[PDB]
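S.K.: See coords_31.cif below, with mmCIF, C-alpha atoms and all ligand atoms.
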data_target
loop_
_atom_site.label_atom_id
_atom_site.label_comp_id
_atom_site.auth_asym_id
_atom_site.auth_seq_id
_atom_site.Cartn_x
_atom_site.Cartn_y
_atom_site.Cartn_z
CA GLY N 1 -179.56 185.60 87.07
CA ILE N 2 -181.63 182.44 87.26
CA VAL N 3 -184.92 183.75 85.86
CA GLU N 4 -182.93 185.40 83.11
CA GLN N 5 -181.07 182.18 82.19
CA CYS N 6 -183.81 179.62 82.45
CA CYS N 7 -187.26 181.44 82.30
CA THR N 8 -186.92 183.97 79.59
CA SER N 9 -184.03 182.01 77.87
CA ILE N 10 -183.58 178.20 77.86
CA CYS N 11 -180.91 176.43 79.89
CA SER N 12 -179.41 173.01 79.85
CA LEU N 13 -178.76 170.61 82.71
CA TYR N 14 -175.21 172.05 83.15
CA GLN N 15 -176.61 175.55 83.42
CA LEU N 16 -179.13 174.59 86.18
CA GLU N 17 -176.31 172.84 88.07
CA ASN N 18 -174.68 176.29 88.54
CA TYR N 19 -177.43 177.02 91.11
CA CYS N 20 -176.76 174.05 93.20
CA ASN N 21 -174.92 174.69 96.53
CA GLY M 1 -214.33 186.25 91.09
CA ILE M 2 -211.16 184.36 91.92
CA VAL M 3 -209.77 183.87 88.41
CA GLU M 4 -210.54 187.49 87.74
CA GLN M 5 -208.70 188.72 90.86
CA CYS M 6 -205.66 186.51 90.88
CA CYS M 7 -205.19 185.01 87.31
CA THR M 8 -205.79 187.83 84.96
CA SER M 9 -204.96 190.50 87.67
CA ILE M 10 -202.47 190.08 90.55
CA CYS M 11 -203.54 189.64 94.16
CA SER M 12 -201.83 189.92 97.47
CA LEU M 13 -201.87 187.56 100.43
CA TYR M 14 -204.87 189.47 101.94
CA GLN M 15 -206.80 189.07 98.72
CA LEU M 16 -206.26 185.26 98.57
CA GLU M 17 -207.35 185.02 102.22
CA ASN M 18 -210.84 186.18 101.10
CA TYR M 19 -211.30 182.68 99.60
CA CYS M 20 -210.56 180.85 102.72
CA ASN M 21 -213.59 179.32 104.55
CA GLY F 1 -183.58 172.31 109.87
CA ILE F 2 -186.79 173.07 107.99
CA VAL F 3 -187.05 169.42 106.96
CA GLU F 4 -187.01 168.13 110.52
CA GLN F 5 -189.53 170.86 111.58
CA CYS F 6 -191.92 171.00 108.57
CA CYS F 7 -192.00 167.40 107.65
CA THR F 8 -193.07 166.09 111.02
CA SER F 9 -195.61 168.60 112.20
CA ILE F 10 -197.07 171.07 109.74
CA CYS F 11 -195.71 174.69 109.49
CA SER F 12 -197.67 177.87 108.69
CA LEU F 13 -196.65 180.70 106.37
CA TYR F 14 -195.20 182.49 109.30
CA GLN F 15 -192.91 179.64 110.46
CA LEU F 16 -192.15 179.11 106.74
CA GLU F 17 -191.08 182.75 106.31
CA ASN F 18 -188.24 182.14 108.71
CA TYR F 19 -186.47 180.36 105.90
CA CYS F 20 -186.71 183.14 103.36
CA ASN F 21 -183.84 185.42 102.45
CA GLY A 1 -214.33 163.26 104.64
CA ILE A 2 -212.35 163.10 101.41
CA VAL A 3 -209.11 163.13 103.39
CA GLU A 4 -210.00 160.05 105.42
CA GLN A 5 -211.23 158.25 102.23
CA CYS A 6 -208.64 159.36 99.60
CA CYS A 7 -205.58 159.41 101.71
CA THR A 8 -205.81 155.87 102.95
CA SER A 9 -206.94 153.92 99.94
CA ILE A 10 -206.74 155.52 96.51
CA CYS A 11 -209.86 157.12 94.87
CA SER A 12 -210.77 157.22 91.16
CA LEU A 13 -212.11 160.17 89.18
CA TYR A 14 -215.57 158.94 89.84
CA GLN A 15 -215.25 158.80 93.67
CA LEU A 16 -213.39 162.14 93.36
CA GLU A 17 -216.29 163.73 91.45
CA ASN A 18 -218.45 163.29 94.51
CA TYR A 19 -216.65 166.25 96.01
CA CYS A 20 -217.23 168.65 93.15
CA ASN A 21 -219.81 171.41 93.22
CA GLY U 1 -199.70 163.47 68.89
CA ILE U 2 -200.33 164.26 72.53
CA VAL U 3 -198.90 167.78 72.69
CA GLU U 4 -200.77 168.53 69.50
CA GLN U 5 -204.11 167.27 70.86
CA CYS U 6 -204.04 168.58 74.38
CA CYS U 7 -201.42 171.46 74.60
CA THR U 8 -201.95 173.51 71.54
CA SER U 9 -205.61 172.27 71.12
CA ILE U 10 -207.99 171.28 73.97
CA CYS U 11 -208.96 167.70 74.69
CA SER U 12 -211.66 166.05 76.68
CA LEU U 13 -211.45 163.22 79.19
CA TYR U 14 -212.09 160.65 76.38
CA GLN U 15 -209.24 162.08 74.36
CA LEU U 16 -206.72 161.83 77.26
CA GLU U 17 -207.84 158.23 77.85
CA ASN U 18 -206.38 157.36 74.40
CA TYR U 19 -202.92 157.69 76.00
CA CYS U 20 -203.54 155.28 78.72
CA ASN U 21 -201.89 151.81 78.33
CA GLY E 1 -190.14 148.48 88.80
CA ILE E 2 -189.37 152.18 89.20
CA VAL E 3 -191.99 152.41 91.94
CA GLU E 4 -190.38 149.73 94.09
CA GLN E 5 -186.89 151.29 93.49
CA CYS E 6 -187.64 155.06 93.62
CA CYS E 7 -190.24 155.11 96.28
CA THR E 8 -188.22 153.35 98.93
CA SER E 9 -184.77 154.80 98.56
CA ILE E 10 -184.29 157.95 96.52
CA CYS E 11 -183.07 157.79 92.85
CA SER E 12 -180.84 160.29 91.01
CA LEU E 13 -181.28 161.64 87.49
CA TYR E 14 -179.03 158.94 86.25
CA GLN E 15 -181.01 156.02 87.76
CA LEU E 16 -184.14 157.90 86.63
CA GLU E 17 -182.89 158.08 83.03
CA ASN E 18 -183.05 154.32 82.85
CA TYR E 19 -186.79 154.66 82.51
CA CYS E 20 -186.78 157.05 79.59
CA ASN E 21 -187.51 156.02 76.03
CA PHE T 1 -195.61 186.22 99.37
CA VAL T 2 -195.01 186.15 95.63
CA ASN T 3 -196.19 188.96 93.26
CA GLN T 4 -197.39 187.01 90.23
CA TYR T 5 -200.36 185.85 88.17
CA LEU T 6 -201.69 182.68 89.79
CA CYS T 7 -203.73 180.39 87.52
CA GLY T 8 -204.97 176.81 87.14
CA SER T 9 -203.54 174.49 89.75
CA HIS T 10 -200.97 177.08 90.84
CA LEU T 11 -203.77 179.28 92.20
CA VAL T 12 -205.38 176.30 93.99
CA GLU T 13 -202.19 175.23 95.64
CA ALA T 14 -201.62 178.82 96.83
CA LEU T 15 -205.03 178.65 98.35
CA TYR T 16 -204.34 175.28 99.99
CA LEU T 17 -201.13 176.76 101.46
CA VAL T 18 -202.52 180.09 102.72
CA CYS T 19 -205.94 178.82 104.18
CA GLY T 20 -204.42 176.11 106.19
CA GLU T 21 -206.91 174.10 108.22
CA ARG T 22 -209.67 176.55 107.34
CA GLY T 23 -209.82 175.06 103.82
CA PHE T 24 -211.23 177.21 101.01
CA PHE T 25 -213.58 177.52 98.08
CA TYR T 26 -212.73 177.54 94.43
CA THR T 27 -215.39 178.78 92.07
CA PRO T 28 -213.66 179.71 88.81
CA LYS T 29 -216.66 180.21 86.70
CA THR T 30 -217.30 183.60 85.12
CA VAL K 2 -201.35 159.26 107.82
CA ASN K 3 -199.86 162.51 106.42
CA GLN K 4 -202.81 164.73 105.51
CA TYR K 5 -200.86 167.86 104.60
CA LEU K 6 -198.91 166.07 101.74
CA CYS K 7 -202.01 164.08 100.76
CA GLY K 8 -204.18 167.24 100.80
CA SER K 9 -201.97 169.00 98.28
CA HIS K 10 -202.47 166.19 95.70
CA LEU K 11 -206.21 165.94 96.39
CA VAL K 12 -206.80 169.57 95.70
CA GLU K 13 -204.84 169.32 92.46
CA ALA K 14 -206.97 166.19 91.57
CA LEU K 15 -210.19 168.08 92.27
CA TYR K 16 -209.17 171.03 90.20
CA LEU K 17 -208.79 168.73 87.20
CA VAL K 18 -211.95 166.64 87.52
CA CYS K 19 -214.27 169.46 88.85
CA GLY K 20 -213.15 172.07 86.23
CA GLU K 21 -215.81 174.83 85.80
CA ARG K 22 -217.94 173.38 88.62
CA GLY K 23 -215.14 174.13 91.29
CA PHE K 24 -215.18 172.64 94.75
CA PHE K 25 -215.03 173.32 98.45
CA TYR K 26 -212.06 171.97 100.42
CA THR K 27 -212.73 171.21 104.04
CA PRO K 28 -210.28 169.11 105.97
CA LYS K 29 -212.57 169.04 109.12
CA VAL Y 2 -190.13 160.21 107.58
CA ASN Y 3 -189.95 160.68 103.77
CA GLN Y 4 -187.85 163.78 103.18
CA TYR Y 5 -187.63 163.57 99.39
CA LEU Y 6 -191.50 163.81 98.95
CA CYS Y 7 -191.74 166.33 101.80
CA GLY Y 8 -188.87 168.40 100.36
CA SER Y 9 -190.63 168.86 97.04
CA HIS Y 10 -193.68 170.47 98.74
CA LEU Y 11 -191.52 172.62 101.03
CA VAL Y 12 -189.64 174.15 98.18
CA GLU Y 13 -192.89 174.91 96.38
CA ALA Y 14 -194.20 176.48 99.69
CA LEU Y 15 -191.08 178.63 100.00
CA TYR Y 16 -191.29 179.83 96.47
CA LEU Y 17 -194.76 181.20 97.18
CA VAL Y 18 -194.17 182.85 100.55
CA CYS Y 19 -190.56 184.10 99.86
CA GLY Y 20 -191.37 185.55 96.38
CA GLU Y 21 -188.78 188.23 95.35
CA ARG Y 22 -186.69 187.56 98.48
CA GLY Y 23 -185.87 183.89 97.30
CA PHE Y 24 -184.41 181.31 99.62
CA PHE Y 25 -181.65 178.80 100.16
CA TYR Y 26 -182.57 175.11 100.37
CA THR Y 27 -180.27 172.99 102.47
CA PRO Y 28 -181.38 169.56 103.54
CA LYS Y 29 -178.21 169.03 105.74
CA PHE X 1 -183.30 166.64 80.32
CA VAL X 2 -186.12 168.74 78.89
CA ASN X 3 -185.52 171.69 76.47
CA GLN X 4 -188.02 174.26 77.69
CA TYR X 5 -188.59 177.57 79.47
CA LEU X 6 -188.65 176.85 83.20
CA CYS X 7 -190.44 179.44 85.35
CA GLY X 8 -192.11 179.95 88.74
CA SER X 9 -192.40 176.75 90.71
CA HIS X 10 -191.48 174.64 87.68
CA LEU X 11 -187.95 176.09 87.74
CA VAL X 12 -187.66 175.50 91.51
CA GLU X 13 -188.75 171.91 91.29
CA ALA X 14 -186.21 171.33 88.49
CA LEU X 15 -183.62 172.69 90.82
CA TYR X 16 -184.78 170.49 93.71
CA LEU X 17 -184.55 167.47 91.36
CA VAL X 18 -181.15 168.19 89.78
CA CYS X 19 -179.22 169.41 92.98
CA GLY X 20 -180.17 166.48 95.02
CA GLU X 21 -178.73 166.51 98.54
CA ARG X 22 -176.57 169.51 97.67
CA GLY X 23 -179.67 171.75 97.84
CA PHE X 24 -179.62 175.04 95.92
CA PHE X 25 -180.23 178.76 95.94
CA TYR X 26 -183.05 180.64 94.34
CA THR X 27 -182.61 184.36 93.93
CA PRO X 28 -185.09 185.51 91.29
CA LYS X 29 -184.73 189.17 91.72
CA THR X 30 -183.54 191.30 88.81
CA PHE J 1 -213.04 167.37 83.91
CA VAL J 2 -211.41 170.72 83.18
CA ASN J 3 -211.64 172.46 79.74
CA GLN J 4 -208.15 173.87 79.31
CA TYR J 5 -204.82 173.65 77.49
CA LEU J 6 -202.73 171.03 79.28
CA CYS J 7 -198.96 171.30 78.77
CA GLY J 8 -195.61 170.27 80.26
CA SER J 9 -195.96 168.57 83.61
CA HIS J 10 -199.62 169.60 83.89
CA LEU J 11 -200.49 167.31 80.97
CA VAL J 12 -198.47 164.43 82.49
CA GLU J 13 -200.12 164.72 85.85
CA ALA J 14 -203.55 164.71 84.16
CA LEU J 15 -202.51 161.53 82.51
CA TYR J 16 -201.28 160.00 85.77
CA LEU J 17 -204.65 160.90 87.35
CA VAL J 18 -206.96 159.68 84.56
CA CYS J 19 -205.10 156.35 83.62
CA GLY J 20 -204.94 155.11 87.10
CA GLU J 21 -203.30 151.71 87.46
CA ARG J 22 -203.24 151.29 83.69
CA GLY J 23 -200.34 153.78 83.49
CA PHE J 24 -199.77 155.63 80.21
CA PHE J 25 -197.36 156.71 77.52
CA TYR J 26 -195.97 160.14 76.92
CA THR J 27 -194.35 160.76 73.58
CA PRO J 28 -194.23 164.53 73.07
CA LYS J 29 -192.05 164.62 70.07
CA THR J 30 -193.36 166.13 66.84
CA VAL D 2 -195.27 152.55 101.11
CA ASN D 3 -197.62 155.10 99.44
CA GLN D 4 -197.29 154.56 95.70
CA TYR D 5 -200.03 156.94 94.57
CA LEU D 6 -198.27 160.04 96.17
CA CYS D 7 -194.84 158.71 95.17
CA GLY D 8 -196.04 158.02 91.60
CA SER D 9 -197.12 161.61 91.07
CA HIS D 10 -193.57 162.91 91.83
CA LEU D 11 -191.90 160.19 89.74
CA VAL D 12 -193.85 161.06 86.67
CA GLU D 13 -193.01 164.74 87.12
CA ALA D 14 -189.29 163.69 87.56
CA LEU D 15 -189.40 161.64 84.36
CA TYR D 16 -190.96 164.41 82.38
CA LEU D 17 -188.01 166.63 83.24
CA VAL D 18 -185.13 164.22 82.68
CA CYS D 19 -186.66 162.34 79.64
CA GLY D 20 -187.75 165.54 77.78
CA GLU D 21 -188.19 164.87 74.00
CA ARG D 22 -187.53 161.13 74.47
CA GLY D 23 -190.78 160.70 76.65
CA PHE D 24 -191.42 157.63 78.73
CA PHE D 25 -193.84 154.86 79.54
CA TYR D 26 -195.34 154.71 83.04
CA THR D 27 -196.28 151.28 84.26
CA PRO D 28 -196.96 150.73 87.92
CA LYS D 29 -197.36 146.89 87.44
CL CL Z 1 -196.26 163.59 98.64
ZN ZN Z 2 -196.41 164.98 97.12
ZN ZN Z 3 -197.51 175.22 85.88
#
Please rewrite the model in this file as structure tokens.

M.R.:
Amino acid sequence: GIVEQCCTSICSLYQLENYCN
Amino acid sequence: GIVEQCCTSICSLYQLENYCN
Amino acid sequence: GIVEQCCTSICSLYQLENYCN
Amino acid sequence: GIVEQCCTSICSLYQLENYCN
Amino acid sequence: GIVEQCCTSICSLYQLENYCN
Amino acid sequence: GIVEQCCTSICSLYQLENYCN
Amino acid sequence: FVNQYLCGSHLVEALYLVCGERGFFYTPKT
Amino acid sequence: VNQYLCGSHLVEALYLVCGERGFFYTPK
Amino acid sequence: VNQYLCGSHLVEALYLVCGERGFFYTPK
Amino acid sequence: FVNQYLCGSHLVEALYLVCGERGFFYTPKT
Amino acid sequence: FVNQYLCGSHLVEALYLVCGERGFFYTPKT
Amino acid sequence: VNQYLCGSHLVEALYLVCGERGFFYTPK
């Protein structure tokens, strides 16, 4: 879950790259 | 009041269209 | 795609809604 | 209007303040 | 401190101009 | 500067990181 | 359309997007 | 040139400098 | 014309009108 | 990269920036 | 000018707008 | 081309990738 990982928890560059295509 | 309708309360597409000209 | 349609001419919410999931 | 003035050349806060209420 | 002056406290136009170059 | 490089062609995070402190 | 609290410049940009060429008014004051 | 992209920045720039006064936005 | 600047507004405009449905963004 | 809570259109624009020409997916639902 | 809490990228864009061609510095750290 | 529109995205893109380091923005 993206909101869950980055909005209500904090997430590093490597964690936002999991949402790339 | 716009702040009142959409910032401290939530407002649907039809409610933001009331602020169009 | 949406870039070649909505970057040249402008799209509305309704053309824009074609790209949603 | 403000589009034809502030989209070509750049406007400052003071030119920009002309459009306020 | 900028965050300190404008994010957790409020700051007027004259206070943001201190951060200009 | 960064304007003449990142406004013409696109820059990545890594070219972009050159401008950080 | 999203189901969220729209404030500051997020609310204005939502307006800009949904009013299109009609344009809009923004009068935040109490 | 490209009013739709320009418009979106303008309206953000008016929201900052008009504040409590608000504004009208009419592309005409 | 300038897809990178245009892209950034598009994606904001999809986030508003898709809401809970979300979207995919593929520049191709 | 910043160390903060990214939400609404801030999180999407971060995605847009870090995925580059790959593009990305945004599925906010629970 | 607005009377509000300016944070994250909202504070930077306010800077960008009010410093004009002078440009500005952004040093958020404690 | 259009530095004022471009500038506004740049500065947002530096705020994300510089984080705690911050940056200087000089259009020159
Ligand atoms: Cl733009
Ligand atoms: Zn733009
Ligand atoms: Zn925001």

S.K.: Show me, as a list in words, every residue of chain T with an atom at most 12 Å from chain X, counting all atoms listed in the file.

M.R.: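 Within 12 Å of chain X on chain T, we get residues 2, 3, 4, 5, 6, 7, 9, 10, 11, 13 and 14 of chain T.
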
S.K.: List as CSV every residue of chain D that is in contact with ligand CL 1 (chain Z), defined as an atom at most 12 Å from one of its atoms (using only C-alpha atoms and all ligand atoms), together with the nearest atom pair and the distance in Å rounded to one decimal, sorted by chain and then rising number.

M.R.:
residue,atom,partner,partner_atom,distance
D:2,CA,Z:CL1,CL,11.4
D:3,CA,Z:CL1,CL,8.6
D:4,CA,Z:CL1,CL,9.6
D:5,CA,Z:CL1,CL,8.7
D:6,CA,Z:CL1,CL,4.8
D:7,CA,Z:CL1,CL,6.2
D:8,CA,Z:CL1,CL,9.0
D:9,CA,Z:CL1,CL,7.9
D:10,CA,Z:CL1,CL,7.4
D:11,CA,Z:CL1,CL,10.5

S.K.: Tell me, in Å to one decimal, how far CA of residue 22 in chain K is from CA of residue 13 in chain M.

M.R.: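 These two atoms are separated by 24.5 Å.
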
S.K.: Please, what distance in Å, to one decimal, runs between CA of residue 19 in chain F and CA of residue 27 in chain Y?

M.R.: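 Separation of CA of residue 19 in chain F and CA of residue 27 in chain Y: 10.2 Å.
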
S.K.: How many Å separate CA of residue 17 in chain E from CA of residue 11 in chain N?

M.R.: 18.7 Å

S.K.: Chain N residues within 12 Å of chain Y, counting only C-alpha atoms: which ones, as a PyMOL selection string?

M.R.: chain N and resi 2-3+19-21

S.K.: Limited to C-alpha atoms, could you put the picked residues into a file as a PDB file, in the coordinates of the input?

M.R.:
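The result, stored in again-v2.pdb:
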ATOM      1  CA  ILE N   2    -181.630 182.440  87.260  1.00  0.00           C
ATOM      2  CA  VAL N   3    -184.920 183.750  85.860  1.00  0.00           C
ATOM      3  CA  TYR N  19    -177.430 177.020  91.110  1.00  0.00           C
ATOM      4  CA  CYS N  20    -176.760 174.050  93.200  1.00  0.00           C
ATOM      5  CA  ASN N  21    -174.920 174.690  96.530  1.00  0.00           C
TER       6      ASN N  21
END
